[PDB]
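Everything on this sheet refers to the single structure shown next.
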Amino acid sequence: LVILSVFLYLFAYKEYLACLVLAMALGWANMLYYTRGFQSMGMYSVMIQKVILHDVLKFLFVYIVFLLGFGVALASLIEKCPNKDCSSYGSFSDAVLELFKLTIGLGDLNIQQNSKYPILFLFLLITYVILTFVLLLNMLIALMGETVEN
Amino acid sequence: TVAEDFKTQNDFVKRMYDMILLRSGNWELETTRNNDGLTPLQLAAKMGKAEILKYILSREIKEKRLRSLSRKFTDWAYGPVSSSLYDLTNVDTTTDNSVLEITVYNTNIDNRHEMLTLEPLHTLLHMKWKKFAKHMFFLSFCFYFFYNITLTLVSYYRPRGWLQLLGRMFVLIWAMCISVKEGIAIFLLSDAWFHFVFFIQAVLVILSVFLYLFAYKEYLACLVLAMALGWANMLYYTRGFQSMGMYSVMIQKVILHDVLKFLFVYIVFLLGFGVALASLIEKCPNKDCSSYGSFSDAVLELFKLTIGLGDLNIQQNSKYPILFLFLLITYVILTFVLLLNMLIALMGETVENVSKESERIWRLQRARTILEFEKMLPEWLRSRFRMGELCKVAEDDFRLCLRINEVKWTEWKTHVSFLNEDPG
Amino acid sequence: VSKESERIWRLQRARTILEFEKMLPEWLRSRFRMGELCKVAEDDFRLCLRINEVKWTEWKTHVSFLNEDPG
């Protein structure tokens, strides 16, 4: 990435910034390989990798399934209003994004969403919140409690 | 009927079984049927007797005149390696009620942990699986995945052809098929609630398409509910992979163990404090000057403030705002600091105790699935697979058998009993 | 704690049972009266509480028993 970016920069291009910043971020996230010179820090990095192999992959697969499913559901339930600030779950992208935010706890949960069956909307949103936040996160925390002891 | 266990019986019944059987050498005693049509084998399988079953399924007799009374003949041994040849005359789902089907479909023993790991049952299940259940399972999963994607697309792209009509007929006929199969399999009874879920989803789809072919617009509810139910239903097809199977089993174990109790208690608290806060609010005039207005808004604000999205303000138009603040702070304490952390500790306790039986329960579920698939095939295919091959055992015996090789480096002995002299 | 949870819960339920048993009036308590008489010796007539059991390890010839034919 670095050498390709500098090549494209010496040329007549301005799309080098993508490669440059991606390479930068990859290097800073790459320093974790040089953290194996210290016994404590070496064990630390090894258990990080063991964790990402064991659990986070399964959890991410399942969670992406749920996120995309309920995203298309909510985005279908929404009527297309012609006052574009009328509803927040508009296209499919906005729906999946609002679900992600509401998962990491940043957004805002309002009900007057210009839908046609608002009780159904509320039921779907509450079920998504339950399914992830109360169930999968805590279950994975218990599983990674099991792995670390082993 | 009397044999109990080892921890509570010291294993004296197995020996009396062996002695009484040998003292009258023939199949006269192990073939008769009591008033239910069961033999001591099927009678040991219906009840949970797992020690006598382990004895009978692999019973090797070394004497000369009574060798035709056994069920496992060593026939190839050379060094430390040897090739025992089990028997499958009433253990291989080819009769009315075999021992495999009785062991698997029995739902009244709770000791099936130790009965589906015995000598020929384990390898019979493994061979059936890797012979056809792998193919049939993956094929059914692919059919379900395409059915669900067609559903999702036809719902998202709704209106507000050569190919589209095909998709619609596909959805209709597959919903009809799943509903028929589930209605058939549901009349014969936790363990099998996924039949209920499949049935509800199929009924929702077919009801929606019916109401759509009519003069109705209220079909969208059934359609999107069915879609969401299918996407949340794929977790049943995640049992084909051992790691993923254990994963789904522990998810269900968790939702059974804890989340139900926690949700009961938490709903009690939420509704109580909701009605309290909504009562403490005095209506002010047209222009709402507070959030906790009606009861619905109060319960909703409490829910948001539980999952950490809302905003906690105090000027709530109340008449006793210090009391309002005390109630809100004590609700936040009660749930957020107490119940969530307590449940996390409890589910830390459960996981350390479930991971050891996850494999057992998953194995039992996969056995249920294998034997469920084996009945859909027609006659000639089942006659074509036919695990295990004949083996002349005695003067004229010709019993079906299932070879299982083995290697043992500790019990050295001169080999005397074997069927074929030169090992192959 | 999970290993003593059952013990502490059992003790609390025992407290509750014995607390309820005192609210009833006299005649009801005389009416329930767990356990029934059993002539034990020449003339003993002590109240008793039967508890059946099954043991498959200590085989012995039975010598001591009140009633000969089991019921």
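Chains: A, B, ... in order of the structure tokens. Residues: from 1 per chain. Ligands: from 1, in order shown.
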**Study point:** Exercise answer, chain B residues close to chain C, 8 Å and only C-alpha atoms, as a ChimeraX atom specification
**Key:** /B:8-10
Point to revise | 7 Å contacts from chain A to chain B using only C-alpha atoms, as number ranges by chain | key: A: 66, 69-70, 72-73, 76, 105-108, 138, 142-143, 146
Would you put the residues from that selection into a file with C-alpha atoms, as a CSV table (one decimal), in the first residue's frame?
chain,number,residue,atom,x,y,z
A,66,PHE,CA,-29.5,-10.2,12.5
A,69,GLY,CA,-32.4,-8.9,8.3
A,70,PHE,CA,-34.0,-6.4,10.6
A,72,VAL,CA,-34.4,-4.6,5.5
A,73,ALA,CA,-37.5,-5.3,7.5
A,76,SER,CA,-39.6,-2.0,4.1
A,105,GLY,CA,-25.7,3.0,22.4
A,106,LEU,CA,-25.4,6.4,20.8
A,107,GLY,CA,-28.6,7.1,18.9
A,108,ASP,CA,-32.1,8.1,19.9
A,138,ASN,CA,-23.6,-11.4,27.8
A,142,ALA,CA,-19.5,-15.8,29.6
A,143,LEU,CA,-17.9,-17.9,26.8
A,146,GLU,CA,-14.7,-20.0,29.9
Practice item. Find the residues near residue B:120: any atom within 8 Å, counting only C-alpha atoms, skip ones fewer than 4 places away on the same chain, and give them as a ChimeraX atom specification. Key: /B:57,86-88,124,402
Review point. Atom CA of residue B:59 and atom CA of residue B:72 are how many Å apart?
Key: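 We find that atom CA of residue B:59 and atom CA of residue B:72 lie 6.0 Å from each other.
Those residues of chain C that DSSP, working from the backbone, places in strand (DSSP E) are residues 36, 37, 38, 46, 47 and 48 of chain C.
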Point to revise | Filtered DSSP result for stretch 68-106 of chain A, state helix (DSSP H, G or I), as a list in words | key: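 Answer for stretch 68-106 of chain A restricted to helix (DSSP H, G or I) is residues 68, 69, 70, 71, 72, 73, 74, 75, 76, 77, 92, 93, 94, 95, 96, 97, 98, 99, 100, 101, 102, 103 and 104 of chain A.
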Just to be explicit: take each residue in the selection above, keep N, CA, C and O atoms, and write the result as a CSV table (one decimal), in the first residue's frame.
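That gives us part11.csv:
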chain,number,residue,atom,x,y,z
A,68,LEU,N,-28.7,-7.2,9.3
A,68,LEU,CA,-29.1,-6.9,7.9
A,68,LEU,C,-30.6,-7.4,7.7
A,68,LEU,O,-31.3,-6.7,7.1
A,69,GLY,N,-31.0,-8.5,8.4
A,69,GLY,CA,-32.4,-8.9,8.3
A,69,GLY,C,-33.3,-7.8,8.8
A,69,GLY,O,-34.2,-7.4,8.1
A,70,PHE,N,-33.1,-7.4,10.1
A,70,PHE,CA,-34.0,-6.4,10.6
A,70,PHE,C,-33.9,-5.1,9.9
A,70,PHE,O,-34.8,-4.3,9.9
A,71,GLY,N,-32.7,-4.8,9.4
A,71,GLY,CA,-32.6,-3.6,8.6
A,71,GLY,C,-33.5,-3.6,7.4
A,71,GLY,O,-34.2,-2.6,7.2
A,72,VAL,N,-33.5,-4.6,6.6
A,72,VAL,CA,-34.4,-4.6,5.5
A,72,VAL,C,-35.9,-4.7,5.9
A,72,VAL,O,-36.7,-4.1,5.2
A,73,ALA,N,-36.2,-5.3,7.0
A,73,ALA,CA,-37.5,-5.3,7.5
A,73,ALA,C,-38.0,-3.9,7.8
A,73,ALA,O,-39.0,-3.5,7.3
A,74,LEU,N,-37.3,-3.2,8.7
A,74,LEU,CA,-37.7,-1.9,9.1
A,74,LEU,C,-37.7,-1.0,7.9
A,74,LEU,O,-38.6,-0.1,7.7
A,75,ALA,N,-36.7,-1.1,7.0
A,75,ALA,CA,-36.8,-0.2,5.8
A,75,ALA,C,-37.9,-0.5,4.9
A,75,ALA,O,-38.3,0.4,4.1
A,76,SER,N,-38.4,-1.7,4.9
A,76,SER,CA,-39.6,-2.0,4.1
A,76,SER,C,-40.9,-1.4,4.8
A,76,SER,O,-41.8,-1.0,4.1
A,77,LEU,N,-41.0,-1.5,6.1
A,77,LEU,CA,-42.2,-1.0,6.8
A,77,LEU,C,-42.4,0.5,6.6
A,77,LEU,O,-43.5,1.0,6.9
A,92,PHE,N,-32.3,1.7,2.7
A,92,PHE,CA,-31.8,0.5,3.5
A,92,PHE,C,-30.5,0.9,4.3
A,92,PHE,O,-30.3,0.5,5.4
A,93,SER,N,-29.7,1.8,3.7
A,93,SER,CA,-28.5,2.2,4.4
A,93,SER,C,-28.8,2.9,5.7
A,93,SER,O,-28.2,2.6,6.7
A,94,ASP,N,-29.7,3.8,5.7
A,94,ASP,CA,-30.1,4.6,6.9
A,94,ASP,C,-30.6,3.6,7.9
A,94,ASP,O,-30.4,3.8,9.1
A,95,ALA,N,-31.4,2.6,7.5
A,95,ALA,CA,-32.0,1.7,8.5
A,95,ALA,C,-30.9,0.9,9.2
A,95,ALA,O,-30.8,0.8,10.4
A,96,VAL,N,-30.0,0.3,8.4
A,96,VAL,CA,-28.9,-0.5,9.0
A,96,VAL,C,-28.0,0.4,9.9
A,96,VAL,O,-27.5,-0.1,10.9
A,97,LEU,N,-27.8,1.6,9.5
A,97,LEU,CA,-27.0,2.5,10.3
A,97,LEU,C,-27.6,2.8,11.6
A,97,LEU,O,-26.9,2.9,12.6
A,98,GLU,N,-28.9,3.1,11.6
A,98,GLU,CA,-29.6,3.4,12.9
A,98,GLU,C,-29.6,2.2,13.8
A,98,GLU,O,-29.4,2.4,15.0
A,99,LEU,N,-29.7,1.0,13.2
A,99,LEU,CA,-29.6,-0.2,14.0
A,99,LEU,C,-28.2,-0.3,14.7
A,99,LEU,O,-28.1,-0.6,15.8
A,100,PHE,N,-27.2,0.0,13.9
A,100,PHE,CA,-25.8,-0.1,14.4
A,100,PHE,C,-25.6,0.9,15.6
A,100,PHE,O,-25.2,0.5,16.7
A,101,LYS,N,-26.0,2.1,15.3
A,101,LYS,CA,-25.9,3.1,16.4
A,101,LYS,C,-26.6,2.7,17.6
A,101,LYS,O,-26.0,2.7,18.7
A,102,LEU,N,-27.9,2.3,17.5
A,102,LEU,CA,-28.7,1.9,18.6
A,102,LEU,C,-28.1,0.7,19.3
A,102,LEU,O,-28.4,0.4,20.5
A,103,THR,N,-27.2,-0.1,18.6
A,103,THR,CA,-26.5,-1.2,19.3
A,103,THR,C,-25.4,-0.7,20.1
A,103,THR,O,-25.2,-1.1,21.3
A,104,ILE,N,-24.6,0.2,19.6
A,104,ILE,CA,-23.5,0.7,20.4
A,104,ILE,C,-23.9,1.8,21.4
A,104,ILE,O,-23.1,2.5,22.0
Near-residue C:50 list (12 Å; only C-alpha atoms; drop same-chain fewer than 3 positions) as a PDB file with N, CA and C atoms, in the first residue's frame:
ATOM      1  N   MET C  34     -49.706 -34.905  61.671  1.00  0.00           N
ATOM      2  CA  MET C  34     -48.863 -35.797  60.878  1.00  0.00           C
ATOM      3  C   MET C  34     -48.483 -37.053  61.657  1.00  0.00           C
ATOM      4  N   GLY C  35     -48.505 -38.185  60.976  1.00  0.00           N
ATOM      5  CA  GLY C  35     -48.067 -39.433  61.564  1.00  0.00           C
ATOM      6  C   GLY C  35     -49.161 -40.116  62.360  1.00  0.00           C
ATOM      7  N   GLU C  36     -49.106 -41.448  62.393  1.00  0.00           N
ATOM      8  CA  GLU C  36     -50.148 -42.265  62.999  1.00  0.00           C
ATOM      9  C   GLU C  36     -49.549 -43.225  64.011  1.00  0.00           C
ATOM     10  N   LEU C  37     -50.371 -43.631  64.978  1.00  0.00           N
ATOM     11  CA  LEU C  37     -49.922 -44.499  66.059  1.00  0.00           C
ATOM     12  C   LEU C  37     -49.405 -45.830  65.524  1.00  0.00           C
ATOM     13  N   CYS C  38     -48.617 -46.513  66.352  1.00  0.00           N
ATOM     14  CA  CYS C  38     -48.091 -47.829  65.997  1.00  0.00           C
ATOM     15  C   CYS C  38     -47.649 -48.538  67.262  1.00  0.00           C
ATOM     16  N   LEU C  47     -46.567 -42.305  68.599  1.00  0.00           N
ATOM     17  CA  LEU C  47     -46.758 -41.750  67.268  1.00  0.00           C
ATOM     18  C   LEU C  47     -45.519 -41.998  66.425  1.00  0.00           C
ATOM     19  N   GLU C  53     -37.604 -47.293  52.162  1.00  0.00           N
ATOM     20  CA  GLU C  53     -36.222 -47.204  51.713  1.00  0.00           C
ATOM     21  C   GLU C  53     -35.866 -48.435  50.894  1.00  0.00           C
TER      22      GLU C  53
END
Practice item. Find the residues around residue A:6 up to 9 Å (only C-alpha atoms counted), leave out those fewer than 4 positions away in its own chain, and share them as a list in words. Key: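 Once the adjacent positions are removed, what remains is residues 1, 2, 10, 11, 16, 19 and 20 of chain A.
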Exercise for review: Provide the atom CA of residue B:360 to atom CA of residue B:104 distance in Å, to one decimal place.
Suggested key: 12.6 Å
